[PDB]
Structure formats: structure tokens, C-alpha cells
Amino acid sequence: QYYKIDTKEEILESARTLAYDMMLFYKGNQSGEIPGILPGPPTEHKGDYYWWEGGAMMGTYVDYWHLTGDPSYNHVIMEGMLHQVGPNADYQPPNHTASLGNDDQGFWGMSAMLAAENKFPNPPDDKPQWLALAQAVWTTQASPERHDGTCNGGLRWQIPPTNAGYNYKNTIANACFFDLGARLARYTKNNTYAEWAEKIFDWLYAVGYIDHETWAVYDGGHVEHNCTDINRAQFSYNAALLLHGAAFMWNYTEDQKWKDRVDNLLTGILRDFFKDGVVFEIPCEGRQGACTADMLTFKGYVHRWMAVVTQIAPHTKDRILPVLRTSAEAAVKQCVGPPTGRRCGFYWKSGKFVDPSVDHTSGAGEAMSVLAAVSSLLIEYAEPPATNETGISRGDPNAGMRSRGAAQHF
Ligand SMILES: OC[C@H]1O[C@H](O)[C@@H](O)[C@@H](O)[C@@H]1O
Ligand SMILES: [Ca+2]
Ligand SMILES: [Ca+2]
Numbered sequence: 032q033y034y035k036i037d038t039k040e041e042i043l044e045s046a047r048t049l050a051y052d053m054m055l056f057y058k059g060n061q062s063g064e065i066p067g068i069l070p071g072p073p074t075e076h077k078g079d080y081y082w083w084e085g086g087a088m089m090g091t092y093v094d095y096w097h098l099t100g101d102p103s104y105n106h107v108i109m110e111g112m113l114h115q116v117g118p119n120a121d122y123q124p125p126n127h128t129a130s131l132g133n134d135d136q137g138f139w140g141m142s143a144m145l146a147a148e149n150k151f152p153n154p155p156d157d158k159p160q161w162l163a164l165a166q167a168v169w170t171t172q173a174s175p176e177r178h179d180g181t182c183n184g185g186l187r188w189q190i191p192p193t194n195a196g197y198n199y200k201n202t203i204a205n206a207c208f209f210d211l212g213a214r215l216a217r218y219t220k221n222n223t224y225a226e227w228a229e230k231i232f233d234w235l236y237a238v239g240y241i242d243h244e245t246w247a248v249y250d251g252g253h254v255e256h257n258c259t260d261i262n263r264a265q266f267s268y269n270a271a272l273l274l275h276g277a278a279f280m281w282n283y284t285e286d287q288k289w290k291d292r293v294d295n296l297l298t299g300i301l302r303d304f305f306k307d308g309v310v311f312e313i314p315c316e317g318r319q320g321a322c323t324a325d326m327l328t329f330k331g332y333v334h335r336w337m338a339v340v341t342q343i344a345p346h347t348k349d350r351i352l353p354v355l356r357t358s359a360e361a362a363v364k365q366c367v368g369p370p371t372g373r374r375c376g377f378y379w380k381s382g383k384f385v386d387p388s389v390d391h392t393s394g395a396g397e398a399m400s401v402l403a404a405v406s407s408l409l410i411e412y413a414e415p416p417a418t419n420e421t422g423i424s425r426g427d428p429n430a431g432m433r434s435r436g437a438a439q440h441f
């Protein structure tokens, strides 16, 4: 094994080297390149990765600085986050319409929310501020044309009605909107965010994407079947994101129903995704060559989001932290690949390095996931998410409401 994680100082050093190796994939700060994106998209044969994964990377580094105190990459991350905001400061840049799902926009909004929660340095005064960007994403996702009567509500996966997949009302789109609403409620103390989060969670429960008996979290269903054709694939990020949002709602509301939802979602996650203490991407990891570029990132979110749950729902700490520890130990045990002696693969539970080429990418998602898992071992030393009591960001009461906003020509 190359990386050591047995003391705070060892973890910090390992995380620093992991942050270096992940950054080698990113070219957006170099002359002639586009800030905020990993190489791609694959539809243009420019690389393996889609736009939303750039937003996931940005948030990973906002958390990296929060967890380690190392600000080395903060300027690069601010540049990337600001470049992708779009003309209406809502994470809907039109050049990316083909990638404009509610999930894709949501991941960028969640990185902005994280920047506000983590007191990440503010953009210049003339540029959109982190809380305002999160508010803009949430507001566009709450807009009435995104909430029709099919399946008695819920967001569709896609934003443009002509995009393939507009007929799929899926967990991830709704989970992003739910999580943002819960987090905006806690930060701002505005109850309209919370009422929307409650409504969307109740919809996810009613439609049966949350199993009423087992608290498994399924993938979605299609409007032409009234959402009854449930795709029962269980992706780790879906259950983990609902757990994260539920923990914010428990912290904000102190309503026992939210504590019960945290506990039930957590029981399900530990049962389904942790195998002898190691996170496992059940729909695809059982054999090599099946996980997509997107899926290689999910286990990193699981680690980072579950670590935050222990801060805002502290009664969960002893159920979560020991399991994140065994999972991160498995992550580092397999970061031994050539040519560096420390290259990271995906198949942590297996105990062996597998070249990312088996899954047809250069390996950025695997690197991101290990960075997330190792950094998050420092959660016990980190501050909890800030609210507006101590945060430094600024909001915008008209976030998402510009006259040139896309909702005005839907
Ligand atoms: O990567 C898994 C992910 O794939 C697509 O985005 C959709 O099918 C989602 O519903 C699913 O969660
Ligand atoms: Ca998309
Ligand atoms: Ca490829």
C-alpha cells in the first residue's frame, strides 16, 4: 500500500497527493481550455466526461479545502465554478442544452450550496455569489412548468421537452431539488424552501421510488405508465442524497418524522451498499466493464455526504463513521497501480487494483472518489455546515427570475 491513513497527519498528506493526482486530469485552467469541465464530452470525442462531472469535481475540491485547510486549488475551483454559471447565473449555460437535466444543473447548484456552507471564499463583488447561485438553481427547479400533473407531480429527468428522457421522472432529479431545498431552508431559515422539500420527499415516497418496507431507493419510472414501471436499479448516490437532505430537514425542523426517515434510509444504505464495510455500486460493480463514467463517481459522494450527516444528525455518528473508515481503507489499499505505484481504481471491495481502462475512461471518477473518501476521514475535525448566522455568502431575492431566463421562453 502506498497511502497511509492512520493519523491525522498521514491522512492530510494522502489527501494532498490524491488532490494532486485528481487535478492532473483537469486542464480547464490552462490556456485555450474551458474552465470547470473535465475532458469531454464523449459525444464530441473530446474525452470521457460530461459537464455535470465537472460540477461534481468542483464540489469535491470545496470539501477538500474545508476538510484539510489546504487552499492550493481554491483559485482554480472558483474560476471553474464561475465559468459555468450561464448568462442568467442559474447553471443553465445554453451551449450545454443537450446535457441539461435537472440532475446536471442540480449538481452544480449543490456545489454552490456547499461553497456557501463551507465559507468558501466569495467571488468578486460583480460576480454571482454562492448562495445566490444555489437559490437560482432551486428557483428554476421550482418553476411551475417543471411540475405538471403526470404521476401527480415530480420533476422530469430532463429540462428541455425535446431531450430524450423527458418522459422519465427519476429519483436523482427530485433528490437534487429536495436536497437543495432542505439545505437552503437550514442556511436561510426560510420555510418556503422546507415546504417544497417536504412536498418532493412525500412525492418520492408516494410514487414508490422509496420502498415503503425496506427503504431501498429505486431509480425512476415513466410518465406514460403513471410512473408505475419502476426501474429498481439501486444507485448509491440516490439513497445517500435522500439521506443527506433528510438529515438537513431533521436538523432544521426537529420533527421526529425526519429523524425516522434518516434512520430508515441509513439502515437501508448500510444493508444494501456496504459489503463487509466497503461501499459497492450494486447495479454495476459486480463485474468489470459495466459501470459508466457517471457511476464511477457515486461512491465518493456517498462518503462526503454521509460524513456531513454525522455533523448535522449527530446521533448517526457511530453508525456511519466506522463504516466510512473501513470503506476508505479499502479505497487506499487498491491505489497501487502502475505507472506511479499509487494509481487508483474502482473495485475497492475486491481488494485489488483494476486499470480504469476496463471501464473505458482515463480514471478521473475513481480518483475523485478516493479523494472524497480520504478527505472525509477528517470530518471529526471540521466545522459543520454554516448557516446565515456565520456564513459569508450573499443571496439574491430574484435568483432564477430574470426576464431572459429560460423559463420565460419554455
Ligand atoms: O448513472 C445512473 C443514472 O443514469 C441516468 O442519469 C438516469 O437513468 C438516472 O436515473 C440514473 O440514476
Ligand atoms: Ca444529463
Ligand atoms: Ca472513453
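FYI, the numbering for the sequence shown is 32 to 441, going by the authors' numbering. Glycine residues also receive a C-beta, built at the ideal position from the N, C-alpha and C atoms.
Here's the rule I'm using: 16 or more other beta-carbon atoms within 10 Å means buried, otherwise exposed. How should residue 195 be labelled? Within the sequence shown, the letter at position 164 stands for residue 195. So residue 195 ends up on the exposed side.
For residue 253, list the residues DSSP reports as bridge partners. For this step, residue 253 is matched to residue 222 along the sequence shown. BP columns for residue 253 point to 199.
What is the residue span of the alpha helix (DSSP H) that residue 301 lies within? What you label residue 301 is simply residue 270 of the sequence shown in a count that begins at 1. 287-304 is the extent of the alpha helix (DSSP H) around residue 301.
According to DSSP, simplified to helix, strand and coil, what is residue 168? Counting from one through the sequence shown, the residue named residue 168 turns up at place 137. Helix, per DSSP.
Take residue 117 as the anchor and find which of 425, 140, 404 and 64 has the nearest alpha-carbon. By one-based count along the sequence shown, residue 117 stands at place 86. Nearest C-alpha to residue 117: 140.
Should residue 186 and residue 204 be called a contact, given that it needs their Cβ atoms to be closer than 8 Å? For the purposes of this step, residue 186 is taken as the residue at position 155 of the sequence shown. For the purposes of this step, residue 204 is taken as the residue at position 173 of the sequence shown. Contact flag set, yes.
Under 7 Å from any heavy atom of ligand 3, does the C-beta of residue 73 make it? For this step, residue 73 is matched to residue 42 along the sequence shown. Indeed, a heavy atom of ligand 3 lies less than 7 Å from the Cβ.
From what residue to what residue does the alpha helix (DSSP H) around residue 87 run? On the sequence shown, position 56 is the one that residue 87 refers to. Per DSSP, residue 87 belongs to the alpha helix (DSSP H) from 82-99.
Would the beta-carbon of residue 57 fall within 8 Å of that of residue 45? Against the sequence shown, residue 57 aligns to sequence position 26. Against the sequence shown, residue 45 aligns to sequence position 14. It is not a contact, given that the beta carbons lie outside the stated cut-off.
Hey, how far is the Cα of residue 423 from the Cα of residue 343? Against the sequence shown, residue 423 aligns to sequence position 392. Against the sequence shown, residue 343 aligns to sequence position 312. Going from the Cα of residue 423 to the Cα of residue 343 covers about 20 Å.
Any non-hydrogen atom of ligand 3 within 7 Å of residue 392 CB: Mapped onto the sequence shown, residue 392 falls at position 361. Correct: residue 392 has its Cβ closer than 7 Å to ligand 3.
Looking at the secondary structure, which residues open and close the alpha helix (DSSP H) in which residue 58 lies? Taking the sequence shown and counting its residues from 1, one reaches residue 58 at position 27. Counting along the chain, residue 58 falls outside any alpha helix (DSSP H), and DSSP gives it neither H nor E.
Following a CB-centred definition, is residue 326 positioned closer than 7 Å to any heavy atom of ligand 1? As a first step, residue 326 must be located in the sequence shown, where it is residue number 295. Yes, the Cβ of residue 326 comes within 7 Å of a heavy atom of ligand 1.
Would you call the CB atoms of residue 247 and residue 228 closer than 8 Å? Here residue 247 refers to the residue found at position 216 when the sequence shown is read from its first residue. Here residue 228 refers to the residue found at position 197 when the sequence shown is read from its first residue. Cβ atoms of residue 247 and residue 228: not closer than 8 Å.
Regarding residue 117 and ligand 2, is the C-beta to nearest heavy atom distance less than 7 Å? Residue 117 sits at position 86 when you count from the first residue of the sequence shown. Every heavy atom of ligand 2 is 7 Å or more from the Cβ of residue 117, so no.
Run through the DSSP bridge pairs and tell me what residue 309 is partnered with. Counted from its first residue, the sequence shown places residue 309 at position 278. DSSP, once it has assigned bridges, lists 306 as partnering residue 309.
What three-state label does DSSP hand residue 132 in the structure shown? On the sequence shown, residue 132 is found 101 positions in, with the first residue counted as 1. It is a strand residue.
If you draw a straight line from the alpha carbon of residue 367 to that of residue 395, how long is it in whole angstroms? Translated into the one-based positions of the sequence shown, residue 367 becomes position 336. Translated into the one-based positions of the sequence shown, residue 395 becomes position 364. Distance between the alpha carbons of residue 367 and residue 395 is about 15 Å.
Just to confirm, does residue 37 get its C-beta within under 7 Å of one of the non-hydrogen atoms of ligand 3? Counted from its first residue, the sequence shown places residue 37 at position 6. No.
Return the CA-CA distance between residue 193 and residue 87, expressed in angstroms with no decimal places. Within the sequence shown, numbered from 1, the residue matching residue 193 stands at position 162. Within the sequence shown, numbered from 1, the residue matching residue 87 stands at position 56. Rounded to whole angstroms, residue 193 to residue 87 spans 25 Å at the Cα level.
Where do the ends of the alpha helix (DSSP H) carrying residue 223 lie? Your numbering for residue 223 matches position 192 in the sequence shown. Residues 222-238.
Could you tell me which of 383, 65 and 157 sits nearest to residue 115, measuring between CA atoms? Here residue 115 corresponds to residue number 84 of the sequence shown, with the count starting at 1. Comparing Cα-Cα distances from residue 115 to each of 383, 65 and 157, the minimum goes to 65.
Excluding the 5 residues flanking residue 328 on each side, which residues of the same chain have their C-beta closer than 7 Å to its C-beta? Locating residue 328 in the sequence shown gives position 297, where the first residue counts as 1. Counting only Cβ-Cβ distances below 7 Å, and skipping sequence neighbours, we find 84, 87, 396, 399 and 400.
Does the distance from the CB of residue 173 to the CB of residue 147 come in under 8 Å? Stepping through the sequence shown from its first residue, residue 173 is reached at position 142. Stepping through the sequence shown from its first residue, residue 147 is reached at position 116. No, the pair does not count as a contact, with Cβ atoms beyond the cut-off.
Do the CB positions of residue 402 and residue 91 come within less than 8 Å of each other? In the sequence shown, residue 402 corresponds to position 371, counting from 1. In the sequence shown, residue 91 corresponds to position 60, counting from 1. It is a contact, given that the beta carbons lie within the stated cut-off.
By Cβ distance below 7 Å, which residues in the same chain neighbour residue 298 in space, the five residues on each side in sequence not counted? Walking along the sequence shown from the start, residue 298 turns up at place 267. Closer than 7 Å at the Cβ level, and outside the excluded window around residue 298, lie 246.
How long is the line joining the alpha carbons of residue 429 and residue 169, rounded to whole angstroms? By one-based count along the sequence shown, residue 429 stands at place 398. By one-based count along the sequence shown, residue 169 stands at place 138. Going from the Cα of residue 429 to the Cα of residue 169 covers about 12 Å.
May I ask whether a heavy atom of ligand 1 can be found less than 7 Å away from the beta carbon of residue 246? The sequence position of residue 246 within the sequence shown is 215, counting from 1. No, Cβ of residue 246 sits at least 7 Å from all heavy atoms of ligand 1.
Below 7 Å, is the gap between the Cβ of residue 79 and the nearest heavy atom of ligand 3? The residue given as residue 79 occupies position 48 in the sequence shown. The answer is yes for residue 79.
Hey, is the stretch 383-392 in contact with the stretch 406-421, meaning 3+ C-beta pairs nearer than 8 Å? no
Is any heavy atom in ligand 4 found nearer than 7 Å to the beta carbon of residue 132? With respect to ligand 4, the structure shown offers nothing to examine, as its ligands consist of ligand 1, ligand 2 and ligand 3.
Identify, in the order they occur along the chain, each residue of the same chain with its Cβ nearer than 6 Å to the Cβ of residue 253, setting aside the five sequence neighbours on each side. As a working note, residue 253 is residue 222 in the sequence shown. Around residue 253: 198, 199 and 260.
With distances taken between CB atoms, is the gap from residue 384 to residue 176 smaller than 8 Å? Counted from its first residue, the sequence shown places residue 384 at position 353. Counted from its first residue, the sequence shown places residue 176 at position 145. Taking 8 Å as the Cβ cut-off, residue 384 and residue 176 do not qualify as a contacting pair.
Opening and closing residue of the alpha helix (DSSP H) in which residue 348 lies: For the purposes of this step, residue 348 is taken as the residue at position 317 of the sequence shown. Element bounds for residue 348: 348-364.
Count the other CB atoms, across all protein chains shown, that sit within 10 Å of the CB of residue 220; report buried if there are 16 or more and exposed otherwise. Counting from one through the sequence shown, the residue named residue 220 turns up at place 189. Exposed is the call here.
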